[PDB]
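For reference, the structure discussed in these notes is given below.
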Amino acid sequence: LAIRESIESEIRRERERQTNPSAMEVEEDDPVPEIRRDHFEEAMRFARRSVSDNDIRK
Amino acid sequence: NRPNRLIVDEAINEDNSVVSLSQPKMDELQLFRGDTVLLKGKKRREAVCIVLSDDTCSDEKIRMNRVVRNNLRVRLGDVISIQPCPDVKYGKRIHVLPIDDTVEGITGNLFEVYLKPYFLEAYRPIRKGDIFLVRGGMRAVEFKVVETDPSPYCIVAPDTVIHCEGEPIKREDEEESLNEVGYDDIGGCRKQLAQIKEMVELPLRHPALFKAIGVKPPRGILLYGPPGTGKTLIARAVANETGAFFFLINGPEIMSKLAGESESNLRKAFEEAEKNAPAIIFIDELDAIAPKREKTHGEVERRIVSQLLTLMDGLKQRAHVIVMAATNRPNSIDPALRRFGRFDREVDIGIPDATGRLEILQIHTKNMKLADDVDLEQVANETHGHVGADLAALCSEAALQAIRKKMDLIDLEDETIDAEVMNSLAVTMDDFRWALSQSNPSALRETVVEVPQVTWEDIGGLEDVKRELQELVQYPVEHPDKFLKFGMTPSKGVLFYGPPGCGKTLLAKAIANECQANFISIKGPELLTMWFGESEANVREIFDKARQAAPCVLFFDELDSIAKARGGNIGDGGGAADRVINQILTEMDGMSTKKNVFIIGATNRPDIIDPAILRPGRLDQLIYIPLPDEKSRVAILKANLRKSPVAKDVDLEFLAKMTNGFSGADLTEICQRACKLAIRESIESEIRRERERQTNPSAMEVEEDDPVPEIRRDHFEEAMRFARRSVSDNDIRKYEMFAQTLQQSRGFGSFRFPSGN
Ligand SMILES: Nc1ncnc2c1ncn2[C@@H]1O[C@H](COP(=O)(O)OP(=O)(O)OP(O)(O)=S)[C@@H](O)[C@H]1O
Ligand SMILES: Nc1ncnc2c1ncn2[C@@H]1O[C@H](COP(=O)(O)OP(=O)(O)O)[C@@H](O)[C@H]1O
Ligand SMILES: [Mg+2]
Numbered sequence: 697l698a699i700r701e702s703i704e705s706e707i708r709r710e711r712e713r714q715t716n717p718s719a720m721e722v723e724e725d726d727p728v729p730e731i732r733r734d735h736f737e738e739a740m741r742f743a744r745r746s747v748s749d750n751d752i753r754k
Numbered sequence: 021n022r023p024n025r026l027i028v029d030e031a032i033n034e035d036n037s038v039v040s041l042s043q044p045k046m047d048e049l050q051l052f053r054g055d056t057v058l059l060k061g062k063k064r065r066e067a068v069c070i071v072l073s074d075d076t077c078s079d080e081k082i083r084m085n086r087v088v089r090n091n092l093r094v095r096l097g098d099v100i101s102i103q104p105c106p107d108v109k110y111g112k113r114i115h116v117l118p119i120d121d122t123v124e125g126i127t128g129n130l131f132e133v134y135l136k137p138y139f140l141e142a143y144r145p146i147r148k149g150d151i152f153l154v155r156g157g158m159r160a161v162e163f164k165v166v167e168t169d170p171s172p173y174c175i176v177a178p179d180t181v182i183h184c185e186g187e188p189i190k191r192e193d194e195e196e197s198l199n200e201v202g203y204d205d206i207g208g209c210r211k212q213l214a215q216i217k218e219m220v221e222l223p224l225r226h227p228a229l230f231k232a233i234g235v236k237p238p239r240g241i242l243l244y245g246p247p248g249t250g251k252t253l254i255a256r257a258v259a260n261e262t263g264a265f266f267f268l269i270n271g272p273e274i275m276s277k278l279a280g281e282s283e284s285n286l287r288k289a290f291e292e293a294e295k296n297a298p299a300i301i302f303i304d305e306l307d308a309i310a311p312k313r314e315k316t317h318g319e320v321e322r323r324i325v326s327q328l329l330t331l332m333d334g335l336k337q338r339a340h341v342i343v344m345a346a347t348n349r350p351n352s353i354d355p356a357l358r359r360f361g362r363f364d365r366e367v368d369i370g371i372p373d374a375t376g377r378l379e380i381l382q383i384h385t386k387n388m389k390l391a392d393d394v395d396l397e398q399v400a401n402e403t404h405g406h407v408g409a410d411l412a413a414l415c416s417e418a419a420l421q422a423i424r425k426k427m428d429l430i431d432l433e434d435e436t437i438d439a440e441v442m443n444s445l446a447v448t449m450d451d452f453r454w455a456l457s458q459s460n461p462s463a464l465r466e467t468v469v470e471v472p473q474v475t476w477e478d479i480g481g482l483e484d485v486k487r488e489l490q491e492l493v494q495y496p497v498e499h500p501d502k503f504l505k506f507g508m509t510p511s512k513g514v515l516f517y518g519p520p521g522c523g524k525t526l527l528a529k530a531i532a533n534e535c536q537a538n539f540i541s542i543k544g545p546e547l548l549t550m551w552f553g554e555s556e557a558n559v560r561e562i563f564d565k566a567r568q569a570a571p572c573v574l575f576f577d578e579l580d581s582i583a584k585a586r587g588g589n590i591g592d593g594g595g596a597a598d599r600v601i602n603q604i605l606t607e608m609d610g611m612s613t614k615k616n617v618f619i620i621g622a623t624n625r626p627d628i629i630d631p632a633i634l635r636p637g638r639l640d641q642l643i644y645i646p647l648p649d650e651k652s653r654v655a656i657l658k659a660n661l662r663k664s665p666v667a668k669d670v671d672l673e674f675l676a677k678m679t680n681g682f683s684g685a686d687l688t689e690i691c692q693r694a695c696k697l698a699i700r701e702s703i704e705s706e707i708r709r710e711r712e713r714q715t716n717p718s719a720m721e722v723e724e725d726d727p728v729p730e731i732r733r734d735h736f737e738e739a740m741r742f743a744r745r746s747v748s749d750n751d752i753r754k755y756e757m758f759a760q761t762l763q764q765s766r767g768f769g770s771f772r773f774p775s776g777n
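Heads up: the protein sequence lines correspond to chains G and F, in order. Using the entry's author numbering, the first residue of the first sequence is number 697, and each one after it goes up by one. Using the entry's author numbering, the first residue of the second sequence is number 21, and each one after it goes up by one.
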């Protein structure tokens, strides 16, 4: 999720901003993301248990 | 239609000189609640009263006490003119005399014991010629106002002296007493008493008017219920209210006679009742006279049944005679008495509920003096399955325990009689707590038909389920006109399904509370009892009770019981066949849709159910109820712990986060286990602190005198490690699979009508 957010931010910020630039270079020059709270908070709802109860009882 | 003319109505307040009126009639008549008004009735007899205001009082009618009612020679439905008097001043002397038949057992002075707190602080307006009643001291006694020096309309002041010198005199022969019973002595059956008033009053009160109407009356009314519900009392009360010539017929008194004497008694009874028209004939224990045809062996009893059938049909002469009859069950009667022109109107007097039981306890504890320890409301909540005669016997037993335990009061009256000793005795709470242990009720086997008390607040979440249930139940009751406009048939039933212990019974009781309807619950053991005993003809007897209590919610719990017990859709070779489910389907197809009887089933195994139930016109809605979510778990933990003292240090919102995948029963289990830990800690602290401290005490008493525990953090913290999940993962996957086998659609989500030109 973090890699997808970083790539889809970078493509828009570089290409979609201006083709012919107003400033000489990119004014930001900063990678935005790191792995933070909302990424775990979103990836939690896909997690599942691999081992059921009867298997543990065996 | 001038507003001083008023029609007599029953009053709720029990004060002996207070009447009540409505607000706009009083504003039109221009009176105030501080006024002391004067009433005029028949035979030039008056009654001065204090009027007040009310919102439950009707406009054209006045509410008054039965004491004021019998002191005017006026019954209900009559007219009374009212005159305001600001000339009502104070009195000079008050001379009243006791009446002999009410003082046959009491003795001593009645002045300070009864009459002094009676006129205290109430400012009672009395009149020469009135008779009032005083309760208290395990006796009710009446006093006639014999002689007053001033004008007859007067207010009793505390300065006015009251003279009680004279012999107890007899009454006038036209005067009434407490020998007969009125409408106040009956509690818990307001609807049935209203129905009997509607059937009986308008023909009997106005015989010439109703004869000019020309519409035929009912002439046979069949009261039935469990034994001890007070049917004889209701009949005697209606007979005393209407004042018609009441004649009593008792079954065993007829059947104890010889051969011709029974027919002679019946014929003389109906002749002497037809002479004194209008009249009421009451036949008690009808099944002792006319049972079923198979049970009346012999000739003479069948001859008596035919005599009764002859006289009931020959009663149709327009003779203003109404015949009532009581029985213990409607099935034992000879079915020839059910025909038209005979006993066709049927009134069901069921067992009373908690408000009714509270009213019965308030009726039976009028005369008995009462200590302030007791709470009759808790007593009425704890008495379950109690008919009113059981409650009267319970009050009797508590009073006898209170008289028994005071053996020093047995020493206080060895053979002498003092009214002050009975005045000095009251009944504690532990007498009632003892009498609940030696009470053997008689109505545990009966089906309970009442409105539930569970609200939506006890259930957490399930908002779309709540919306769909109120759409399916509440809307055809409130708005039938929309269903008439758009023209559809409202659905008849709902099948819930899901994992065990997730609030299906609570949802049924909640929607029954929301719509204010009766609720009839039928568990799995009753269906299995009908299946083993092959007594499936009781299902029609269930649906008849459902029709008699409409609107109603009929709840079949564990509808898969017989299918699970048979082979689990595996053994015996058959498939989805049953005696009992067949009879349920027949009764569902039989009933009309106008009665507003709504049927709800509930299973845990929806695969092994009979598929013929799920057809249209039957249980056709399927609602899935999953395991509760987090906010639902918060609300369940709140609803379980309202009775218990929980310390405010406890975090329930953290408690609902850990318990991913519990049901409701697991949460109730862990709450009750923490409660057990708290009780053990309290008892093993109290025993050590009381006994182990000192046998011979240093101080005079216990220096602490403080119960230590409440339910706190370490109790939940300890009871958590015993909790377990009841429902495994594969079981949940089975319900998800069955939920997907009834899936909506594939590819029809993008349907649109074409829009051209
Ligand atoms: N709802 C009630 N209101 C007032 N008194 C009641 C009520 N239920 C029972 N009682 C009392 O309990 C007794 C019941 O007497 P009954 O009128 O004979 O009852 P019942 O239903 O007629 O019993 P059966 O069928 O004739 S044996 C009387 O003392 C009543 O005063
Ligand atoms: N919405 C809810 N709120 C609170 N408690 C609930 C809820 N649903 C179920 N329960 C718990 O479930 C128990 C009753 O379950 P029940 O209705 O008998 O399930 P079933 O119908 O499967 O037997 C109650 O003790 C109650 O605490
Ligand atoms: Mg009887």
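Beta carbons: idealized from backbone N, C-alpha and C, even for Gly.
Would you mind telling me which residues of chain F sit closer than 7 Å to residue i, beta carbon to beta carbon, in chain order?
i: residue 749 of chain G; result: 748 and 749
In the DSSP assignment, find the alpha helix (DSSP H) that holds residue i and state where it starts and stops.
i: residue 575 of chain F; result: Not the alpha helix (DSSP H): residue 575 of chain F falls in the beta strand (DSSP E), residues 572–577.
i: residue 449 of chain F; result: 449–455
i: residue 390 of chain F; result: Here residue 390 of chain F belongs to no alpha helix (DSSP H), and DSSP marks it neither H nor E.
i: residue 733 of chain F; result: 733–739
i: residue 192 of chain F; result: It is not in any alpha helix (DSSP H) - residue 192 of chain F carries neither H nor E in the DSSP assignment.
i: residue 560 of chain F; result: 559–568
i: residue 254 of chain F; result: 251–262
i: residue 325 of chain F; result: 320–334
Less than 8 Å separating the Cβ of residue i from some heavy atom of ligand 2?
i: residue 624 of chain F; result: yes
i: residue 655 of chain F; result: yes
i: residue 511 of chain F; result: no
i: residue 685 of chain F; result: yes
i: residue 525 of chain F; result: yes
i: residue 247 of chain F; result: no
Does residue i come out as helix, strand or coil in the three-state DSSP assignment?
i: residue 486 of chain F; result: helix
i: residue 680 of chain F; result: coil
i: residue 226 of chain F; result: coil
i: residue 720 of chain F; result: coil
i: residue 183 of chain F; result: strand
i: residue 5 of chain F; result: Because chain F is modelled from 21 through 777, residue 5 of chain F falls outside the range shown and cannot be assessed.
i: residue 30 of chain F; result: strand
i: residue 641 of chain F; result: strand
i: residue 42 of chain F; result: strand
i: residue 752 of chain G; result: helix
i: residue 758 of chain F; result: helix
i: residue 241 of chain F; result: strand
For ligand 1, any of its heavy atoms closer than 8 Å to the Cβ of residue i?
i: residue 469 of chain F; result: no
i: residue 350 of chain F; result: no
i: residue 604 of chain F; result: no
i: residue 209 of chain F; result: yes
i: residue 168 of chain F; result: no
i: residue 307 of chain F; result: no
Starting from residue i and walking both ways along the beta strand (DSSP E), at which residues does that stretch end?
i: residue 301 of chain F; result: 299–304
i: residue 118 of chain F; result: 113–118
i: residue 540 of chain F; result: 538–542
i: residue 72 of chain F; result: 66–74
Task: Environment of ligand 3 in chain order, Cβ to heavy atom below 7 Å - done: F:251, F:252, F:304, F:305 and F:346
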